[PDB]
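Each chain, written out:
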Amino acid sequence: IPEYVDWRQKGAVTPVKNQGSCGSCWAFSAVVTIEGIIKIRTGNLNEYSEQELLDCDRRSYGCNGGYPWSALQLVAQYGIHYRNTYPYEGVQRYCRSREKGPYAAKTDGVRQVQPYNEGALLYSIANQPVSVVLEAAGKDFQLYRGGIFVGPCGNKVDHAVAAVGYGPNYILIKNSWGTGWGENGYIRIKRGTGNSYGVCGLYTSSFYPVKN
Ligand SMILES: *[C@@H](C(=O)O)[C@H](O)C(=O)N[C@@H](CC(C)C)C(=O)NCCCCNC(N)=[NH2+]
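Residues numbered from 1 in each chain as written, not as in the entry; some residues may be left out. Heavy atoms only, no water.

Method of determination, as given in the entry header: X-ray crystallography; reported resolution: 1.50 Å.

The name that the PDB entry assigns to the protein is Papain, with the source organism given as Carica papaya. Regarding the protein, the relevant UniProt record gives this comment under Sequence similarities: "Belongs to the peptidase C1 family." (UniProt positions renumbered as here; feature names shortened; annotations may be inferred.)

The environment of the ligand is made up of 14 residues, and the closest members are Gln-19, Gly-23, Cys-25, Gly-66 and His-159. In this structure, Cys-25 approaches the ligand through a main-chain N or O atom, which is 2.9 Å from an oxygen atom. Between the ligand and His-159, the relevant distance is 2.8 Å, taken from an oxygen atom to a side-chain nitrogen or oxygen of the residue. In the complex, the protein chains occlude 66% of the 630 Å² of accessible area that the ligand would expose alone. Looking at the shell around the ligand residue by residue, the class counts come to six nonpolar, seven polar and one charged. (Near = heavy atom within 4 Å. Polar contact = N/O pair within 3.5 Å; in protein donor to acceptor, adjacent residues only side chain to side chain. Areas by Shrake-Rupley, 256 points an atom, 1.4 Å probe, with all protein chains shown as cover. Nonpolar A, V, L, I, M, F, W, Y, C, P; charged D, E, K, R; others polar.)

What follows deals with the pattern of salt bridges. Scanning the entire structure with this criterion turns up nine salt bridges. Across the salt bridge formed by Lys-17 and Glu-47, the nearest N and O atoms sit 2.8 Å from each other. Remark: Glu-47 occurs in the loop between α1 (25-42) and α2 (50-56) and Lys-17 occurs in the loop between β1 (5-6) and α1; sequence separation between them is 30 residues. For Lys-17, a relative accessible area of 9% gives the class buried. Take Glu-47: its relative accessible area is 31%, and that puts it in the partly exposed class. Where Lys-156 meets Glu-135, a salt bridge forms, and the shortest distance between an N and an O atom there is 2.9 Å. With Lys-156 in the loop between β4 (148-149) and β5 (159-167) and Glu-135 in the loop between β3 (130-134) and α5 (139-142), this residue pair connects regions lying 21 residues apart in the sequence. (Salt bridge = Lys/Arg side-chain N within 4 Å of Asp/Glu carboxyl O. Helix = DSSP H or I, 4+ residues; strand = E, 2+ residues; numbered from the N terminus. Buried < 20%, exposed > 50% of the residue type's maximum accessible area, 1.4 Å probe, protein only.)

Before going further, it helps to examine helix α4 (residues 118-127). Within α4, burial applies to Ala-120, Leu-121, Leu-122, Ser-124 and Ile-125. Residues of α4 that are buried sit in contact with β1, β3, β5, β6 (170-174) and β8 (207-210). The N-cap residue of α4 is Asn-117: its side-chain oxygen and the backbone nitrogen of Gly-119 are 3.2 Å apart. (Contact = heavy atoms within 4.5 Å.)

Another point: the environment of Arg-41. Mapped onto the elements of the fold, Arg-41 is located in helix α1. For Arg-41 and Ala-12, which are 29 residues apart along the polypeptide, the C-alpha to C-alpha distance reads 10 Å. Here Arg-41 is in contact with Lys-211 and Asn-212, once residues within four sequence places are set aside. A polar atom in the side chain of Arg-41 sits 2.9 Å from the backbone oxygen of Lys-211.

Glancing now at α1. Between the first and last C-alpha of α1 there are 26 Å, a value that for 18 residues agrees with the 26 Å anticipated at 1.5 Å per step. Looking one or two residues beyond α1, the residue adopting positive phi is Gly-43, at roughly 85°. (Expected span 1.5 Å × (residues − 1).)

What follows covers the side chain of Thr-204. The residue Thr-204 is located in the loop between β7 (186-190) and β8 in this model. According to the relative accessible area criterion, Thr-204 is buried, its value standing at 18%. One polar contact links the side chain of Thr-204 to the main-chain carbonyl oxygen of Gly-201, over a distance of 2.7 Å. Not counting residues up to four positions away in its chain, the partners in contact with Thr-204 are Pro-115, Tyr-116, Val-133, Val-157 and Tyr-197.

Attention now goes to the state of the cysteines. A complete count under the given rule lists three disulfides for this structure. Two residues, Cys-22 and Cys-63, share a disulfide whose sulfurs are 2.0 Å apart. Because the sign of the S-S torsion sets the handedness, a value of about -90° for the bond joining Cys-22 and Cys-63 places this disulfide among the left-handed ones. Within this pair, whereas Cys-22 is found in the loop between β1 and α1, its partner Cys-63 is found in the loop between α2 and α3 (68-77), the two being separated by 41 residues in sequence. (Disulfide = S-S within 2.5 Å.)

Another aspect to go through is the packing of aromatic side chains. Scanning the model with the defined rule gives 12 aromatic pairs in all. Look at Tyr-48 and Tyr-82: their rings are 5.5 Å apart centre to centre, the planes differ by 20°, and that puts the pair in the stacked class. Remark: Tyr-82 occurs in the loop between α3 and β2 (109-112) and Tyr-48 occurs in the loop between α1 and α2; sequence separation between them is 34 residues. For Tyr-82, a relative accessible area of 36% puts it in the partly exposed group. Between the aromatic rings of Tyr-116 and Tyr-197, the centroid separation amounts to 5.6 Å while the plane-to-plane angle is 85°, which identifies the pairing as edge-to-face. Highlighted residues: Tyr-116 in the loop between β2 and α4 and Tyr-197 in the loop between β7 and β8, separated in sequence by 81 residues. One aromatic cluster is present, formed by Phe-141, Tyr-144, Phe-149, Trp-177 and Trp-181 through successive ring pairs. A cation over an aromatic ring shows up here: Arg-8 above the ring of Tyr-186, its NZ or CZ 4.4 Å from the ring centre. It is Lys-100 that lies over the ring of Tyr-86; its NZ or CZ is 4.8 Å from the centre. (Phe/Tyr/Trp six-rings, centres within 6.5 Å; stacked < 30°, edge-to-face > 60°. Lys NZ or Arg CZ within 6 Å of the ring centre and 35° of its normal.)

Following this line, the structure appears as structure tokens:
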């Protein structure tokens, strides 16, 4: 795999979103990976609905948090609508998938990256955007403005994001806190430290969609 990957440069990443106060990061994270794999497999970049996963993933807890793997399983089992059809409201409401016509996109499964393994994660990122988790509660992460982030931070993961690239010393992350946070919405997180958890626990739990 190459020394640099940046899925934005291949036109496979949509604009940075803001989840607001709702604990919907798990849905935003999943949608980044759907938008990516559909561009990779079909040539077309579209925005898909975080709100639909928020409302409809019965294994998750709405704005009280959720699971990227369950959200991804939902898209593989049923499908997902365009963001325009099912726009983001920042609050969990009833599942309205049935009321909104046929699904826009569908995937074929979900796989997990072997946890606590930097190289396995890089291998997956070289193939597509990956849903990853990290510890975001620390004030160093909250106040991040730019550069390759080394912490301080622990490994108590609490925030789902999307890895959309990497370089020799970092993994490139699309956050869902708006374009004014970090590097226009992104953070580069230090890698290669020898810590099996990853910086801020970045290697704890990583999933990606499969599409034939
Ligand atoms: C993340 C966010 O929006 O910043 C959000 O709090 C979240 O989804 N957290 C997850 C953990 C990450 C995926 C690591 C979470 O806490 N999931 C478990 C669901 C919440 C616990 N149970 C109940 N009933 N609320």
